[PDB]
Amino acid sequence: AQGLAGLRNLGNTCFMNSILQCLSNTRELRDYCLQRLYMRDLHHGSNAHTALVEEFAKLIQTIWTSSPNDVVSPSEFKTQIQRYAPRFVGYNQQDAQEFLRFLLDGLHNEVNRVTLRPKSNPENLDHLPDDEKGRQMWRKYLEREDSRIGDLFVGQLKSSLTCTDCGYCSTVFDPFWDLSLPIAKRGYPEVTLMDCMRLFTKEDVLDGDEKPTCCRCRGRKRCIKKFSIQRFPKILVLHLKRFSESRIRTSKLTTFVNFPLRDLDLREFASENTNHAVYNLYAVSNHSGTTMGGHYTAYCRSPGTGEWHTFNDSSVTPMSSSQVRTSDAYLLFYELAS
């Protein structure tokens, strides 16, 4: 069996190992490492963070040339990621999504096909239809951020902001590499992932102290703001906001969120008259504990063979698909279906 190596806990580093295993089982990212395609993408010159890509890829290579029961040390990799993101120096407990964002940023920057970023000035695109404005904003983003990492993870949100007085809808397009979803509080019979996606993409009323300034009305007005997905990523990472808004002491929200193994259909969240995507689950990062402390594991589906395993540092064990959906799920990794 391939790709079933455990990762040594170096001292509170399961947040890191959980993410690394999710990435190890991200088929196309794994393949990029195994086929050594990153070598062509690395920047010339004495760069401080060349070794971040090299050690990440070496780790994935090691995992996928291992035998079951093997335990691999990610210590050389940790040295490189903490050089890129000094918050990961030492051996404190950390957030897995925070780690994911810093790691992918580092990898992306070092294999960016754009080696000299153009400055770019803001443009008035009011003459363009919404979809064309979206495409142009996307082009402008890609001329600065264009990598294999982006190929997999990046999508585009549309934010539509309508003034309730004059009816003008101001649109902006924000790239995203993951989506952080509020957790529903009024779900019946249960809270579903779709409920959480709906909270993210719902009409947000901006009134009272949140009134935006309408440039057309020349004053503060009640506005309605709504997200839709303009461009879907190949890999969709969903991050559940498992933390209360207490102004005194944050508590972890441990609500069961029911997410599908297959056929996550995001039709209802696509921008108007825009082609939507359907996804299957392939990995989950689980957190057990409180906001201040706890323990991470990963559940990952091996690419192609379809078998699920639990990755808990050195311990890698088979699991049934009936064991994958739990209340501990914190990050969900989805890939395009068929």
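In case it trips you up, residue 1 is the first one in the sequence shown, and so on.
With 128-136 and 193-201 compared on mean CA B-factor from the PDB entry, the stretch scoring higher is 128-136. As recorded in the PDB entry, 140-148 is the stretch of 153-161 and 140-148 with the greater mean C-alpha temperature factor. Across 280, 26, 66, 297, the entry's maximum B-factor at the CA atom is seen for 66.
Comparing C-alpha B-factors across 284, 37, 57, 270 in the deposited entry, the largest value falls on 37. When all modelled residues of the chain are sorted by CA temperature factor, residue 188 is found within the highest third. Ranked within its chain, residue 104 lands in the lowest third, by CA B factor from the PDB record. The PDB entry assigns residue 118 a C-alpha temperature factor belonging to the highest third of its chain's modelled residues. Among the modelled residues of its chain, residue 314 has a C-alpha B-factor that falls in the highest third, as given in the PDB entry. Annotation for residue 265: CA B-factor lies in the middle third of the chain's modelled residues.
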